[PDB]
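Just so it is clear, the values below take in all heavy atoms, side chains as well, and ignore hydrogens, waters and symmetry mates. Chain letters run A, B, ... following the sequence lines, proteins first and then strands; every chain starts at 1.
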Amino acid sequence: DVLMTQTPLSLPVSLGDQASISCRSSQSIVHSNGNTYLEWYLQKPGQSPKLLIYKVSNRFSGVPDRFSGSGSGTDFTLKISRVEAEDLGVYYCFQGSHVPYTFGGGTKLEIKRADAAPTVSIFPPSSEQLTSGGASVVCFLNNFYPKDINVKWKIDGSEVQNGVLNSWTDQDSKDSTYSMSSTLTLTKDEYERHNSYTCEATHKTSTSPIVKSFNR
Amino acid sequence: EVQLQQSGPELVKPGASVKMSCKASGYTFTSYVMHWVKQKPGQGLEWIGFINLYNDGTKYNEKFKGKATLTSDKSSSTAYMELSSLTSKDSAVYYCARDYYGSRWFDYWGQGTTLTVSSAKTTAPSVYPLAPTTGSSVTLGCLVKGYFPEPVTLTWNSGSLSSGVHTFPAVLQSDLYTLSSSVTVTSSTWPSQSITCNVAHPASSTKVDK
């Protein structure tokens with residue numbers, strides 16, 4: 001099959017910067033009939049891919065001018081002249097010149113932006129969750145950058161390693177930040193150490209960890 | 001406007017078969033080609049093949065011959081794909097997509113069908129409300145705990161609240177997925193205990209408001 005190699009794999013860009021994605025095929029994407037059926041697709045987080053460029057250089061209905069495509073034979077480039085916060089997601093080249101049709105592996109476009117501290121909110125277990133016999137303490141860390149963060153849960157000041165589930169969103173399409181949810185799961189120890197439940201976050205925006213807690 | 005509405009089972013046992021559908025609208029179905037694309041979770045795109053809906057001719061990626069069968073119903077403008085003898089390597093999102101000019105590239109894509117191949121049975125999620133009276137901004141939570149399989153759809157006030165929402169991708173632990181969503185609203189609102197996130201787990205037919 002025709003290999004489609006996309007370079008780079010991950011491309012961190014600042015808003016306004018230009019962005020260049022390359023794609024190289026193991027075989028000429030020039031069909032016998034003289035046409036070069038090379039497309040670019042964009043997949044944003046949680047959505048289907050959308051056509052950006054067809055036939056190497058043609059922009060598809062409603063695609064901004066800042067998206068340009070060029071190349072010939074085996075070397076192609078997609079250029080985003082001025083990058084916008086909504087431009088993040090994964091860019092794939094695709095060749096329809098030779099069966100089987102093949103996509104590149106994808107270039108994750110990522111936005112560089114200024115650091116941002118997380119907004120932290122702790123939550124006690126639901127009343128319904130307790131009637132069921134469980135106890136999950138939740139901790140949201142919203143709108144921070146970069147995604148690099150550490151969360152430590154503390155029960156009566158002591159630290160608990162087991163029973164935590166963390167999850168990060170994809171990069172936000174407007175403020176280019178991330179958010180994270182951290183969950184602690186207990187059953188009845190929640191009444192054993194019923195006081196001093198603490199969610200402590202350490203991020204590069206401060207030498208001091210950010211604390212949110214509750215006891216009763 | 002072109003619409004590609006996909007549907008199909010989201011959880012199937014290994015060795016079983018599944019048939020997905022793609023109901024097209026907004027254009028003359030029988031004059032075009034339909035492509036199908038596969039995307040494993042967290043991975044790239046793979047072309048499965050296409051069906052010429054005018055003459056029902058098919059063309060497959062060799063890798064999917066004997067795994068995929070493309071068919072269509074011209075009376076209802078619906079394209080189908082059957083996957084046979086499924087394994088965990090077939091767990092993926094499957095997209096149909098219209099070829100407007102020929103049979104070599106696609107413009108409009110369906111929203112995809114999420115397919116999990118597994119012996120584990122469906123499991124309804126427990127939806128739990130998350131409440132704090134802290135400050136003039138308020139963040140309430142919705143914990144959707146212990147469900148299987150993916151996906152779920154979560155909304156707040158029937159999609160009325162959009163901006164200040166973060167839904168976090170589900171995580172699998174204990175062989176069950178746990179998802180959560182937070183919502184931060186202006187002072188021009190209340191911290192209503194159960195501001196009503198809307199959880200839907202079609203795999204188990206759960207539609208909850210809590």
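No side-chain donor-acceptor contact under 3.5 Å links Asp87(A) and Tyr91(A). Looking at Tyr54(B) and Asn52(B), their side chains never bring a donor and an acceptor atom within 3.5 Å of each other.
For chain A, no part of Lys63(B) is nearby; none of its heavy atoms comes within less than 4.5 Å. Within the 4.5 angstrom heavy-atom criterion, no atom of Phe64(B) approaches chain A. Proximity to chain A (any heavy atom under 4.5 Å) is restricted, for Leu143(B), to the side chain, taken from C-beta onward. In this structure, no portion of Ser126(B) lies under 4.5 Å from any heavy atom of chain A. For chain B, the nearby part of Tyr92(A) is the side chain; its heavy atoms alone come within less than 4.5 Å.
Of all the heavy atoms in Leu70(B) and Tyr60(B), the pair that sits closest is N-OH, 3.0 Å.
Between chain A and the options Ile48(B), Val37(B), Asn61(B), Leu179(B), the largest number of non-hydrogen pairs under 4.5 Å is found for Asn61(B). Counting heavy-atom pairs closer than 4.5 Å to chain A, the top-ranked of the candidates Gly44(B), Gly49(B), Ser182(B), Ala97(B) is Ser182(B).
By the 30° and 60° cut-offs, the orientation of the rings of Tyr27(B) relative to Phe29(B) is tilted.
The closest donor-acceptor contact from the side chain of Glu39(A) to the backbone of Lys55(A) lies under 3.5 Å.
At a threshold of 4.0 Å, the pair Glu84(A)-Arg66(A) counts as salt-bridged, since one of the basic side-chain nitrogens sits closer than that to a carboxylate oxygen.
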